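Chemist: Quick one: this structure, given as structure tokens, is what I'll be asking you about.
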Amino acid sequence: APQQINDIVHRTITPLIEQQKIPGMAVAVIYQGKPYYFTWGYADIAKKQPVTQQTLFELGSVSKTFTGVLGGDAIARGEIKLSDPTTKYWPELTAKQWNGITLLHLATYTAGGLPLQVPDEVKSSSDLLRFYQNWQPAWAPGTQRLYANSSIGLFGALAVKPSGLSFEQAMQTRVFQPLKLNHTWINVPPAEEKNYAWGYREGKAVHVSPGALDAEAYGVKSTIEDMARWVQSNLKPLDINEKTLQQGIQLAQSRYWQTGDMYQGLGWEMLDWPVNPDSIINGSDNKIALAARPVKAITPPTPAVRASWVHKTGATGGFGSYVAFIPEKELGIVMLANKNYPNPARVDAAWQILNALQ
Ligand SMILES: *C(=O)[C@@H](NC(=O)c1c(-c2ccccc2)noc1C)[C@@H]1N[C@@H](C(=O)O)C(C)(C)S1
């Protein structure tokens with residue numbers, strides 16, 4: 001790294017680790033397009049295994065960025081349209097409240113109040129159908145945003161149906177492989193288990209539990225190198241050789257809805273750059289992140305704006321992640337930690353680094 005990058009990163013992240021008691025962390029900065037890596041602490045505290053550039057972390061809800069791009073790619077292939085009713089792709093979904101709810105609504109949390117989590121009691125396919133059939137919207141579609149794993153997760157499952165591929169197979173063949181993300185996984189293979197960090201929640205080593213629509217909402221695991229490659233791809237989609245994938249990246253960074261200073265993409269969320277750091281820092285707090293917020297439709301959606309702060313936070317019980325990038329500046333960061341610590345501390349650290357380098 002240039003010494004400048006080294007210093008800004010270390011003088012930001014070292015205190016963050018100390019204050020939040022994070023056991024292990026990995027950071028990548030993308031600066032003028034090139035990645036620089038940094039690692040601290042432990043992947044496995046009991047086995048004294050350090051964090052390396054090969055360590056897998058649970059991305060949690062950052063997974064949604066992959067789901068949003070995979071959907072984008074399906075739209076670009078002509079397999080699905082965001083304007084399609086949900087019922088086109090799940091004809092068993094006959095309940096009247098679904099009339100008017102499109103794939104766009106599912107993808108952008110605007111279906112009318114689908115809940116944050118799919119209930120833990122949903123264990124099978126018929127349980128899932130029952131859940132969505134019996135869900136009662138609080139709101140008309142396209143009026144309020146309520147962040148929901150059950151919303152984007154269903155989008156993900158539906159989006160891959162016409163391909164005939166499972167979500168995991170579609171993701172591997174259409175996103176991970178073409179982008180050379182060869183250490184990024186929905187299900188960690190045995191060959192990579194020795195690199196799979198433990199997450200830490202109240203001092204206990206934990207991994208994410210199986211759950212309905214986990215793959216689509218929160219189930220990706222990846223290394224700091226692959227995630228830097230993911231930032232590079234989203235920074236410069238027009239360099240990707242796969243046509244539909246290049247377009248799906250763009251579509252995921254299109255602005256569909258606005259609530260305050262924030263625009264909703266497919267998975268990604270965006271703000272105009274330059275950004276007021278109090279907008280993003282405080283906005284990342286979960287009482288704000290997860291609130292019911294009225295949205296304004298952006299009619300038609302604005303294509304990916306290069307002058308944007310594009311970002312996503314994620315957590316599992318044992319991990320905390322953050323990704324942000326600024327396409328106009330060829331600049332981005334990935335922060336992966338094996339403790340779930342507050343979003344505002346992530347975003348503050350990220351902005352401190354990127355603002356210094358900008
Ligand atoms: C994605 O990261 C989602 N995470 C979870 O639903 C989740 C949690 C959790 C942590 C904190 C509060 C509620 C749930 N534990 O295990 C899982 C699988 C959602 N996105 C996050 C984000 O940062 O956008 C949250 C914290 C808003 S929940």
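So you can find residues: chains in the structure tokens are A, B, ... in the order shown, residues in each start at 1, and ligands are numbered from 1 in order.
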Once you count only C-alpha atoms and all ligand atoms, which residues end up within 7 Å of ligand 1, and could you hand them over as a PDB file with N, CA, C and O atoms, in the first residue's frame?

Modeler:
```pdb
ATOM      1  N   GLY A  60     -23.621 -11.811   5.977  1.00  0.00           N
ATOM      2  CA  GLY A  60     -24.961 -11.387   6.374  1.00  0.00           C
ATOM      3  C   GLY A  60     -25.686 -10.653   5.260  1.00  0.00           C
ATOM      4  O   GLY A  60     -25.632 -11.152   4.135  1.00  0.00           O
ATOM      5  N   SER A  61     -26.396  -9.574   5.594  1.00  0.00           N
ATOM      6  CA  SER A  61     -27.238  -8.926   4.631  1.00  0.00           C
ATOM      7  C   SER A  61     -26.514  -8.272   3.462  1.00  0.00           C
ATOM      8  O   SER A  61     -27.116  -7.887   2.480  1.00  0.00           O
ATOM      9  N   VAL A  62     -25.178  -8.197   3.507  1.00  0.00           N
ATOM     10  CA  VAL A  62     -24.397  -7.808   2.276  1.00  0.00           C
ATOM     11  C   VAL A  62     -24.685  -8.813   1.150  1.00  0.00           C
ATOM     12  O   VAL A  62     -24.495  -8.527  -0.038  1.00  0.00           O
ATOM     13  N   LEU A 116     -39.384  -8.529   8.740  1.00  0.00           N
ATOM     14  CA  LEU A 116     -37.954  -8.497   8.675  1.00  0.00           C
ATOM     15  C   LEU A 116     -37.416  -9.922   8.453  1.00  0.00           C
ATOM     16  O   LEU A 116     -36.549 -10.127   7.641  1.00  0.00           O
ATOM     17  N   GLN A 117     -37.935 -10.894   9.219  1.00  0.00           N
ATOM     18  CA  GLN A 117     -37.563 -12.304   9.127  1.00  0.00           C
ATOM     19  C   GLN A 117     -38.707 -13.190   8.727  1.00  0.00           C
ATOM     20  O   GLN A 117     -39.907 -13.002   9.135  1.00  0.00           O
ATOM     21  N   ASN A 149     -35.907  -9.294   5.155  1.00  0.00           N
ATOM     22  CA  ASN A 149     -35.309 -10.458   4.510  1.00  0.00           C
ATOM     23  C   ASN A 149     -36.341 -11.302   3.774  1.00  0.00           C
ATOM     24  O   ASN A 149     -36.059 -11.895   2.731  1.00  0.00           O
ATOM     25  N   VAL A 208     -23.873 -18.920  11.445  1.00  0.00           N
ATOM     26  CA  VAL A 208     -25.288 -18.741  11.100  1.00  0.00           C
ATOM     27  C   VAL A 208     -26.028 -20.047  10.950  1.00  0.00           C
ATOM     28  O   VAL A 208     -25.493 -20.988  10.419  1.00  0.00           O
ATOM     29  N   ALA A 217     -31.107 -13.924   1.258  1.00  0.00           N
ATOM     30  CA  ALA A 217     -31.113 -12.748   2.099  1.00  0.00           C
ATOM     31  C   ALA A 217     -29.791 -12.533   2.859  1.00  0.00           C
ATOM     32  O   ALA A 217     -29.455 -11.407   3.184  1.00  0.00           O
ATOM     33  N   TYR A 218     -29.153 -13.607   3.348  1.00  0.00           N
ATOM     34  CA  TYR A 218     -28.081 -13.369   4.275  1.00  0.00           C
ATOM     35  C   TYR A 218     -27.035 -14.478   4.320  1.00  0.00           C
ATOM     36  O   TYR A 218     -26.241 -14.488   5.267  1.00  0.00           O
ATOM     37  N   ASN A 286     -29.774   0.683  13.284  1.00  0.00           N
ATOM     38  CA  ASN A 286     -30.915  -0.240  13.044  1.00  0.00           C
ATOM     39  C   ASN A 286     -32.337   0.267  13.415  1.00  0.00           C
ATOM     40  O   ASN A 286     -33.318  -0.177  12.793  1.00  0.00           O
ATOM     41  N   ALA A 289     -32.502   2.214  10.024  1.00  0.00           N
ATOM     42  CA  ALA A 289     -32.414   1.179   8.998  1.00  0.00           C
ATOM     43  C   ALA A 289     -33.713   0.353   8.789  1.00  0.00           C
ATOM     44  O   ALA A 289     -34.134   0.107   7.617  1.00  0.00           O
ATOM     45  N   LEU A 290     -34.309  -0.054   9.922  1.00  0.00           N
ATOM     46  CA  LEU A 290     -35.461  -0.999   9.991  1.00  0.00           C
ATOM     47  C   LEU A 290     -36.864  -0.317  10.197  1.00  0.00           C
ATOM     48  O   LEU A 290     -37.873  -0.997  10.263  1.00  0.00           O
ATOM     49  N   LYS A 312     -23.753  -1.126   1.559  1.00  0.00           N
ATOM     50  CA  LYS A 312     -24.636  -2.065   2.194  1.00  0.00           C
ATOM     51  C   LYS A 312     -23.961  -2.534   3.479  1.00  0.00           C
ATOM     52  O   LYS A 312     -22.779  -2.911   3.550  1.00  0.00           O
ATOM     53  N   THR A 313     -24.776  -2.555   4.544  1.00  0.00           N
ATOM     54  CA  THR A 313     -24.385  -3.217   5.800  1.00  0.00           C
ATOM     55  C   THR A 313     -24.912  -4.622   5.970  1.00  0.00           C
ATOM     56  O   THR A 313     -25.923  -5.029   5.399  1.00  0.00           O
ATOM     57  N   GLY A 314     -24.278  -5.445   6.829  1.00  0.00           N
ATOM     58  CA  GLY A 314     -24.831  -6.755   7.018  1.00  0.00           C
ATOM     59  C   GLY A 314     -24.388  -7.260   8.370  1.00  0.00           C
ATOM     60  O   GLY A 314     -23.293  -6.895   8.816  1.00  0.00           O
ATOM     61  N   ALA A 315     -25.191  -8.114   8.982  1.00  0.00           N
ATOM     62  CA  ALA A 315     -24.808  -8.805  10.188  1.00  0.00           C
ATOM     63  C   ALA A 315     -25.441 -10.158  10.261  1.00  0.00           C
ATOM     64  O   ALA A 315     -26.457 -10.436   9.666  1.00  0.00           O
ATOM     65  N   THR A 316     -24.748 -11.080  10.950  1.00  0.00           N
ATOM     66  CA  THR A 316     -25.322 -12.294  11.432  1.00  0.00           C
ATOM     67  C   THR A 316     -25.157 -12.229  12.971  1.00  0.00           C
ATOM     68  O   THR A 316     -24.651 -11.304  13.559  1.00  0.00           O
ATOM     69  N   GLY A 317     -25.536 -13.293  13.628  1.00  0.00           N
ATOM     70  CA  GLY A 317     -25.344 -13.265  15.052  1.00  0.00           C
ATOM     71  C   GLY A 317     -23.908 -13.056  15.532  1.00  0.00           C
ATOM     72  O   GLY A 317     -23.679 -12.378  16.562  1.00  0.00           O
ATOM     73  N   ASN A 343     -23.697  -0.588  13.518  1.00  0.00           N
ATOM     74  CA  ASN A 343     -23.535  -0.027  12.183  1.00  0.00           C
ATOM     75  C   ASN A 343     -22.915   1.326  12.146  1.00  0.00           C
ATOM     76  O   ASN A 343     -22.037   1.579  11.290  1.00  0.00           O
TER      77      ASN A 343
END
```

Chemist: Which residues come within 8 Å of stretch 219-231 of chain A, counting only C-alpha atoms, excluding same-chain residues fewer than 3 positions away, as a PyMOL selection string?

Modeler: chain A and resi 26-30+35+37+53-61+63+179-188+214-216+234-235+323+325+332-334+336

Chemist: Can you tell me, as a list in words, what residues are no more than 12 Å from residue A:123 when counting only C-alpha atoms, ignoring any on the same chain fewer than 3 positions away?

Modeler: residues 118, 119, 120, 126, 127, 128, 129, 130, 131, 210, 211, 212, 213 and 214 of chain A

Chemist: Using C-alpha atoms, can you write the selected residues to a file as a short mmCIF file (atom, residue, chain, number, x, y, z; two decimals), in the first residue's frame?

Modeler:
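Final output, saved to out-v4.cif:
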```cif
data_model
loop_
_atom_site.label_atom_id
_atom_site.label_comp_id
_atom_site.auth_asym_id
_atom_site.auth_seq_id
_atom_site.Cartn_x
_atom_site.Cartn_y
_atom_site.Cartn_z
CA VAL A 118 -39.25 -15.29 7.73
CA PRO A 119 -40.54 -17.01 10.83
CA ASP A 120 -38.31 -19.68 12.34
CA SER A 126 -45.56 -25.68 1.99
CA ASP A 127 -44.89 -23.72 5.25
CA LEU A 128 -43.39 -20.95 3.04
CA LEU A 129 -46.39 -20.83 0.72
CA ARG A 130 -48.67 -20.66 3.74
CA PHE A 131 -46.67 -17.82 5.23
CA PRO A 210 -30.05 -22.67 8.47
CA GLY A 211 -33.25 -20.75 7.76
CA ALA A 212 -35.86 -20.31 5.02
CA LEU A 213 -34.59 -18.09 2.26
CA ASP A 214 -31.25 -17.75 3.99
#
```

Chemist: Write out as a PyMOL selection string all residues of stretch 121-259 of chain A that DSSP puts in strand (DSSP E) for this structure's backbone.

Modeler: chain A and resi 144-145+184-185+199-201+204-206+221-222+255-259

Chemist: Write out as a ChimeraX atom specification which residues come within 9 Å of residue A:70 when counting only C-alpha atoms, dropping same-chain ones fewer than 4 positions away.

Modeler: /A:65-66,74-75,156,159-160,170-171,174-175,245,248-249,252

Chemist: Choose the residue, out of A:73, A:192, A:328, A:278, that has the smallest atom-to-atom separation from residue A:261; count only C-alpha atoms.

Modeler: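 Using only C-alpha atoms, residue A:261 sits closest to A:278.
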
Chemist: Can you pull out every residue within 10 Å of residue A:90, counting only C-alpha atoms, but drop anything in the same chain fewer than 3 positions away, and send it as a list in words?

Modeler: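 Counting only C-alpha atoms, the residues come to residues 85, 86, 87, 93, 94, 129, 157, 158 and 161 of chain A.
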
Chemist: Output as a VMD selection string all residues of stretch 224-283 of chain A that backbone DSSP marks as alpha helix (DSSP H).

Modeler: chain A and resid 224 to 235 243 to 252 277 to 283
